[PDB]
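**Student:** See input28.cif below, with mmCIF, C-alpha atoms and all ligand atoms.
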data_final
#
loop_
_atom_site.label_atom_id
_atom_site.label_comp_id
_atom_site.auth_asym_id
_atom_site.auth_seq_id
_atom_site.Cartn_x
_atom_site.Cartn_y
_atom_site.Cartn_z
CA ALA X 106 15.69 -3.70 9.07
CA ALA X 107 17.18 -1.68 6.24
CA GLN X 108 15.71 -0.83 2.87
CA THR X 109 18.47 0.09 0.48
CA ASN X 110 17.94 2.73 -2.20
CA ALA X 111 14.81 3.86 -0.50
CA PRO X 112 12.87 6.94 -1.52
CA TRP X 113 14.71 9.92 -0.12
CA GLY X 114 11.92 10.68 2.33
CA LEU X 115 12.06 7.31 3.98
CA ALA X 116 15.82 7.55 4.25
CA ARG X 117 15.41 11.02 5.71
CA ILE X 118 13.05 9.98 8.47
CA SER X 119 15.63 7.36 9.61
CA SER X 120 18.63 9.66 9.54
CA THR X 121 19.85 12.60 11.50
CA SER X 122 21.23 14.02 8.27
CA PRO X 123 19.97 14.56 4.72
CA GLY X 124 21.33 12.76 1.75
CA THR X 125 21.30 9.13 2.82
CA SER X 126 19.70 6.37 0.79
CA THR X 127 18.82 3.60 3.23
CA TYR X 128 15.64 3.50 5.27
CA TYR X 129 16.42 1.97 8.66
CA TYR X 130 13.41 0.82 10.60
CA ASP X 131 12.44 -1.72 13.20
CA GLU X 132 11.05 -4.83 11.51
CA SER X 133 7.81 -4.53 13.48
CA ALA X 134 7.06 -1.98 10.74
CA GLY X 135 3.76 -0.84 12.13
CA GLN X 136 2.29 -4.30 12.35
CA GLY X 137 -0.89 -4.21 14.40
CA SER X 138 -1.53 -0.54 13.79
CA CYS X 139 -4.12 0.79 11.37
CA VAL X 140 -3.99 3.94 9.28
CA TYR X 141 -7.04 5.47 7.65
CA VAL X 142 -6.20 7.41 4.52
CA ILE X 143 -8.94 9.96 4.07
CA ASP X 144 -8.53 11.01 0.47
CA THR X 145 -9.47 10.04 -3.08
CA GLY X 146 -9.42 6.36 -2.18
CA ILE X 147 -6.77 3.69 -2.31
CA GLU X 148 -6.13 1.30 -5.18
CA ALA X 149 -6.04 -1.55 -2.75
CA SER X 150 -5.17 -4.02 -5.49
CA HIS X 151 -1.80 -2.37 -5.98
CA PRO X 152 0.79 -5.08 -5.32
CA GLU X 153 2.72 -2.67 -3.17
CA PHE X 154 0.00 -2.92 -0.53
CA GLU X 155 0.40 -6.70 -0.23
CA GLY X 156 -3.27 -7.09 0.65
CA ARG X 157 -2.91 -4.79 3.61
CA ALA X 158 -5.10 -2.06 2.11
CA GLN X 159 -8.84 -1.98 1.79
CA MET X 160 -11.47 0.58 1.06
CA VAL X 161 -13.88 0.97 3.93
CA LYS X 162 -16.01 3.93 2.88
CA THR X 163 -16.72 6.09 -0.13
CA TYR X 164 -18.80 9.22 -0.47
CA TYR X 165 -19.07 8.86 -4.21
CA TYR X 166 -20.44 6.46 -6.78
CA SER X 167 -17.40 4.21 -6.51
CA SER X 168 -14.74 3.46 -3.97
CA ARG X 169 -12.17 3.37 -6.77
CA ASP X 170 -9.37 5.89 -6.61
CA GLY X 171 -9.82 7.48 -10.01
CA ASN X 172 -7.30 10.18 -9.24
CA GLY X 173 -4.16 8.66 -7.71
CA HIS X 174 -3.63 11.07 -4.88
CA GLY X 175 -5.02 8.82 -2.21
CA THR X 176 -3.15 5.82 -3.49
CA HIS X 177 0.03 7.84 -3.39
CA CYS X 178 -0.51 8.94 0.14
CA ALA X 179 -1.45 5.46 1.23
CA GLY X 180 1.72 4.18 -0.34
CA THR X 181 3.77 6.59 1.70
CA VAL X 182 2.04 5.39 4.81
CA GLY X 183 2.32 1.71 4.28
CA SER X 184 3.33 0.32 0.92
CA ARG X 185 6.17 -2.18 0.87
CA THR X 186 8.57 -0.09 -1.09
CA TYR X 187 7.39 3.45 -0.49
CA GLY X 188 5.89 3.23 2.97
CA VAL X 189 7.04 4.26 6.39
CA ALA X 190 5.05 1.59 8.21
CA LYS X 191 5.42 -1.36 5.87
CA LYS X 192 3.24 -3.80 7.87
CA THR X 193 0.44 -1.46 8.90
CA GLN X 194 -3.16 -1.97 7.86
CA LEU X 195 -4.49 0.67 5.48
CA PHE X 196 -8.14 1.70 5.35
CA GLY X 197 -9.30 3.99 2.61
CA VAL X 198 -12.04 6.55 3.07
CA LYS X 199 -12.92 8.29 -0.20
CA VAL X 200 -13.97 11.80 0.69
CA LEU X 201 -12.41 13.37 -2.40
CA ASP X 202 -13.75 12.88 -5.89
CA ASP X 203 -11.66 11.74 -8.79
CA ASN X 204 -10.57 15.31 -9.45
CA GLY X 205 -9.14 15.50 -5.97
CA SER X 206 -11.88 17.76 -4.66
CA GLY X 207 -14.37 17.33 -1.89
CA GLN X 208 -17.01 19.34 -0.14
CA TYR X 209 -16.26 20.10 3.49
CA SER X 210 -19.45 18.35 4.59
CA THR X 211 -18.19 15.15 3.01
CA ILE X 212 -14.74 15.50 4.49
CA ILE X 213 -16.29 16.02 7.89
CA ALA X 214 -18.48 13.00 7.46
CA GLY X 215 -15.46 10.94 6.56
CA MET X 216 -13.71 11.97 9.70
CA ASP X 217 -16.70 11.11 11.81
CA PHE X 218 -16.86 7.81 9.98
CA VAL X 219 -13.32 6.92 10.96
CA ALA X 220 -13.93 7.76 14.58
CA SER X 221 -16.71 5.23 14.62
CA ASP X 222 -15.42 2.64 12.23
CA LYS X 223 -12.22 2.13 14.16
CA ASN X 224 -14.24 0.53 16.90
CA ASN X 225 -15.08 -2.31 14.50
CA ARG X 226 -11.45 -2.98 13.51
CA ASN X 227 -8.73 -4.98 15.23
CA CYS X 228 -5.95 -2.39 15.61
CA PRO X 229 -4.17 -3.50 18.78
CA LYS X 230 -1.31 -1.04 18.40
CA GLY X 231 -3.66 1.86 17.65
CA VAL X 232 -5.22 3.93 14.93
CA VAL X 233 -3.92 6.80 12.78
CA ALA X 234 -5.70 8.93 10.23
CA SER X 235 -3.88 10.72 7.44
CA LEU X 236 -5.65 13.73 5.95
CA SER X 237 -3.79 14.98 2.89
CA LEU X 238 -6.39 17.57 2.14
CA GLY X 239 -7.55 20.97 3.14
CA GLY X 240 -9.12 24.19 2.06
CA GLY X 241 -9.88 27.53 3.59
CA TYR X 242 -10.42 27.96 7.27
CA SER X 243 -13.52 26.19 8.52
CA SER X 244 -14.35 25.83 12.18
CA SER X 245 -16.51 22.86 11.34
CA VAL X 246 -13.72 21.07 9.51
CA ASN X 247 -11.38 21.83 12.38
CA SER X 248 -13.90 20.57 14.89
CA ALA X 249 -14.31 17.33 12.95
CA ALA X 250 -10.58 16.80 13.01
CA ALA X 251 -10.49 17.56 16.69
CA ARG X 252 -13.28 15.05 17.29
CA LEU X 253 -11.41 12.42 15.37
CA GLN X 254 -8.30 12.99 17.44
CA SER X 255 -10.32 13.03 20.67
CA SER X 256 -11.87 9.70 19.72
CA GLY X 257 -8.43 8.11 20.04
CA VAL X 258 -7.05 8.39 16.52
CA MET X 259 -3.70 9.95 15.77
CA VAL X 260 -4.73 12.58 13.24
CA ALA X 261 -2.09 13.89 10.86
CA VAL X 262 -3.13 16.64 8.46
CA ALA X 263 -1.44 18.54 5.68
CA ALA X 264 -0.37 22.08 6.40
CA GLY X 265 -1.35 23.07 2.86
CA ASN X 266 0.54 24.18 -0.22
CA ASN X 267 -0.07 27.91 -0.20
CA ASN X 268 3.32 29.08 1.03
CA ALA X 269 1.37 30.90 3.70
CA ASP X 270 0.45 30.68 7.32
CA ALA X 271 -1.58 27.56 7.89
CA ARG X 272 -3.78 29.47 10.31
CA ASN X 273 -6.06 30.28 7.36
CA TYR X 274 -6.55 26.68 6.24
CA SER X 275 -8.42 23.70 7.59
CA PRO X 276 -7.97 21.20 9.01
CA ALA X 277 -4.37 22.43 9.16
CA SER X 278 -5.33 25.12 11.64
CA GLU X 279 -6.93 22.72 14.11
CA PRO X 280 -4.54 22.82 17.07
CA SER X 281 -5.23 19.38 18.47
CA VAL X 282 -4.17 17.41 15.41
CA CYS X 283 -0.71 16.95 13.94
CA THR X 284 -0.23 19.55 11.25
CA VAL X 285 2.51 18.58 8.86
CA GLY X 286 4.64 20.80 6.70
CA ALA X 287 6.74 19.65 3.82
CA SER X 288 10.47 19.64 3.32
CA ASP X 289 12.69 18.78 0.40
CA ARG X 290 15.65 16.49 0.10
CA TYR X 291 18.06 19.31 0.90
CA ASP X 292 16.28 20.04 4.18
CA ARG X 293 14.63 23.18 2.90
CA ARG X 294 11.06 23.84 3.70
CA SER X 295 9.31 22.94 0.48
CA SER X 296 8.71 26.06 -1.54
CA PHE X 297 4.95 25.57 -1.40
CA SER X 298 4.71 24.43 2.20
CA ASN X 299 2.58 26.40 4.53
CA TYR X 300 4.16 27.42 7.79
CA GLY X 301 3.14 29.06 11.03
CA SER X 302 2.71 28.42 14.70
CA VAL X 303 0.18 25.67 14.09
CA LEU X 304 2.63 23.40 12.36
CA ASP X 305 3.72 20.58 14.60
CA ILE X 306 6.24 18.87 12.40
CA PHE X 307 7.69 18.66 8.94
CA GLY X 308 8.06 15.62 6.82
CA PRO X 309 9.44 14.94 3.37
CA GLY X 310 7.13 16.39 0.80
CA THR X 311 8.96 17.41 -2.33
CA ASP X 312 9.46 14.79 -5.03
CA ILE X 313 8.03 11.85 -3.10
CA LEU X 314 7.87 8.55 -4.97
CA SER X 315 4.95 6.35 -4.10
CA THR X 316 2.24 4.18 -5.51
CA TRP X 317 -0.15 5.46 -8.12
CA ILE X 318 -3.28 4.17 -9.75
CA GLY X 319 -3.03 1.65 -12.49
CA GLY X 320 -0.51 -0.31 -10.47
CA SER X 321 1.98 2.43 -11.17
CA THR X 322 4.26 4.72 -9.24
CA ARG X 323 5.02 8.39 -9.53
CA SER X 324 6.72 11.19 -7.69
CA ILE X 325 4.67 14.20 -6.68
CA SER X 326 5.06 17.02 -4.23
CA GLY X 327 2.94 18.46 -1.50
CA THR X 328 2.20 18.72 2.15
CA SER X 329 -0.08 15.88 1.14
CA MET X 330 3.04 13.75 0.73
CA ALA X 331 4.58 14.89 3.99
CA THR X 332 1.47 14.06 6.02
CA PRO X 333 1.56 10.29 5.36
CA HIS X 334 5.21 10.15 6.34
CA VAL X 335 4.14 11.41 9.77
CA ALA X 336 1.07 9.21 9.82
CA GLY X 337 3.18 6.20 9.01
CA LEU X 338 5.78 7.19 11.55
CA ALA X 339 3.12 7.46 14.19
CA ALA X 340 1.81 4.00 13.33
CA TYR X 341 5.33 2.66 13.48
CA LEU X 342 6.03 4.25 16.84
CA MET X 343 2.73 3.12 18.26
CA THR X 344 3.50 -0.44 17.23
CA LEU X 345 6.80 -0.10 19.07
CA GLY X 346 4.86 1.05 22.09
CA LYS X 347 6.83 4.27 22.27
CA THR X 348 3.76 6.47 22.11
CA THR X 349 0.00 6.47 21.83
CA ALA X 350 -2.47 8.12 19.52
CA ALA X 351 -3.00 10.97 21.95
CA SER X 352 0.65 11.71 22.38
CA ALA X 353 2.23 10.60 19.10
CA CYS X 354 2.41 14.06 17.55
CA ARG X 355 4.17 15.46 20.60
CA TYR X 356 6.40 12.43 20.75
CA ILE X 357 7.36 12.82 17.10
CA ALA X 358 8.06 16.51 17.69
CA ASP X 359 10.08 15.75 20.81
CA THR X 360 12.13 13.10 19.00
CA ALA X 361 12.41 14.93 15.70
CA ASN X 362 15.54 16.23 14.09
CA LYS X 363 15.67 19.77 15.41
CA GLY X 364 17.04 22.73 13.50
CA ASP X 365 17.90 20.79 10.35
CA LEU X 366 15.56 22.70 8.07
CA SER X 367 16.18 25.95 6.23
CA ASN X 368 13.69 28.54 5.02
CA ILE X 369 11.68 28.11 8.22
CA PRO X 370 10.13 31.46 9.14
CA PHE X 371 10.49 32.65 12.70
CA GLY X 372 7.64 31.19 14.73
CA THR X 373 7.48 27.93 12.85
CA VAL X 374 8.86 24.75 14.38
CA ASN X 375 12.11 23.52 12.90
CA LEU X 376 11.38 19.85 13.45
CA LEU X 377 11.65 17.05 10.94
CA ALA X 378 10.09 13.67 11.59
CA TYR X 379 12.68 11.13 12.69
CA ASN X 380 12.31 7.51 13.81
CA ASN X 381 15.41 7.48 16.03
CA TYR X 382 16.08 3.93 14.89
CA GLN X 383 19.13 2.27 16.41
CA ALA X 384 20.03 -1.18 15.07
CA CA X 401 20.75 16.81 11.61
CA CA X 402 -1.08 20.43 16.68
#
Could you spell out this file's structure in structure tokens?
Ligand SMILES: [Ca+2]
Ligand SMILES: [Ca+2]
**Tutor:**
Amino acid sequence: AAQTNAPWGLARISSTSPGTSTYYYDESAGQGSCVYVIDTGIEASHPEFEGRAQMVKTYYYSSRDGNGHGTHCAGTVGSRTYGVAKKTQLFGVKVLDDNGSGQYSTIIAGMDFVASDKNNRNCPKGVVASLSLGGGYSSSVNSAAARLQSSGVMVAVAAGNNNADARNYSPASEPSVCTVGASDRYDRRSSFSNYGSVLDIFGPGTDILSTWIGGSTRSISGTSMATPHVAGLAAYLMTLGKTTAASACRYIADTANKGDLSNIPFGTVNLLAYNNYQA
């Protein structure tokens, strides 16, 4: 399959080189996989989700995404137009309030929730969780992310937007998950992207067009935008049977475009998520 005039990030993950416009992907498109978007919620009614999104848990008064961030990230995972894995199932877990903020206890609870809830879902190709969030280092947040991964969920987490070593942020600093840095359309590390030894992979994160609340779209930037590219890619690859939740991060790193990025500090991987699609 080929989506013409795709968002640059989708084109980038299906190319060895920057600057293309078409997103090439196997038509399986993540069908049979499930991705939990642990964030401000998902506006499931957005037409771009085609009925494939649903809220499954909220830690606030409503499950509505009153912010947009979660909807955006979900769209990068799996919306029709903006998504990596265009046929995946999206499950929203609202751990962040409508200002985009959440207490660590709530974020932890939401991770534990996913680890359990997945057992009630039909996800034959496997389960991913996309965590476009983070704060300062917290062993308990890291341990929750590690538990989620151990439970059999491919956990992708944002590296953070502090232009610093992700070792001081959580869940970015949890080794066992897939910690995602952000790049721009010119294959530079995004100016805000954290870096460091704990990064596993980079994905497009600067000026990412996706869904937004109110049935809208908008382009925003962040490691939060890079993370769902990787989450979606994992779902896609798992549907293709190329990898499993346990191994998807390593598989994505092993099959990534290597050395394409600039402004990568010594000690940080120079690996950009790539679907290796061949028509
Ligand atoms: Ca290249
Ligand atoms: Ca890791």
**Student:** Name each residue within 12 Å of ligand CA 401 (chain X), counting all atoms listed in the file, as a PyMOL selection string.
**Tutor:** chain X and resi 117-125+291-292+360-367+375-379+381
**Student:** Kindly work out which residues sit at most 9 Å from ligand CA 402 (chain X), using all atoms listed in the file, and give the list as a ChimeraX atom specification.
**Tutor:** /X:261,277-285,303-306,354-355
**Student:** What is the CA of residue 266 (chain X)-CA of residue 298 (chain X) distance in Å, reported with one decimal?
**Tutor:**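 So the two atoms, CA of residue 266 (chain X) and CA of residue 298 (chain X), lie 4.8 Å apart.
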**Student:** Closest to residue 293 (chain X) among X:242, X:196, X:209, X:307, using all atoms listed in the file?
**Tutor:**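 Of X:242, X:196, X:209, X:307, the one nearest residue 293 (chain X), counting all atoms listed in the file, is X:307.
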**Student:** Set the distance at 10 Å and use all atoms listed in the file: which residues neighbour residue 236 (chain X) once local chain neighbours fewer than 2 positions away are removed? I'd like the list as a list in words.
**Tutor:** residues 141, 142, 143, 144, 175, 178, 212, 216, 233, 234, 238, 239, 250, 260, 261, 262, 263, 264, 276, 277, 283, 284, 285, 329, 332, 333 and 336 of chain X
**Student:** Would you work out the distance separating CA of residue 337 (chain X) from CA of residue 114 (chain X), expressed in Å to one decimal?
**Tutor:** 11.9 Å
**Student:** Between X:311, X:273, X:321, X:256, which residue has the minimum interatomic distance to residue 151 (chain X), considering only C-alpha atoms?
**Tutor:** X:321
**Student:** In Å, with one decimal, what is the gap from CA of residue 107 (chain X) to CA of residue 290 (chain X)?
**Tutor:**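 Interatomic distance, CA of residue 107 (chain X) to CA of residue 290 (chain X): 19.2 Å.
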**Student:** When you count only C-alpha atoms, which of these residues is closest to residue 258 (chain X): X:353, X:342, X:115, X:106?
**Tutor:** X:353
**Student:** Name the residues within 6 Å of (16.3, 3.9, 14.2), counting only C-alpha atoms in the file's coordinates, and put them as a PDB file with C-alpha atoms, in the frame of the given file.
**Tutor:**
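For reference, part-v4.pdb as written:
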ATOM      1  CA  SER X 119      15.630   7.360   9.610  1.00  0.00           C
ATOM      2  CA  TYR X 129      16.420   1.970   8.660  1.00  0.00           C
ATOM      3  CA  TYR X 130      13.410   0.820  10.600  1.00  0.00           C
ATOM      4  CA  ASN X 380      12.310   7.510  13.810  1.00  0.00           C
ATOM      5  CA  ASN X 381      15.410   7.480  16.030  1.00  0.00           C
ATOM      6  CA  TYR X 382      16.080   3.930  14.890  1.00  0.00           C
ATOM      7  CA  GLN X 383      19.130   2.270  16.410  1.00  0.00           C
TER       8      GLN X 383
END
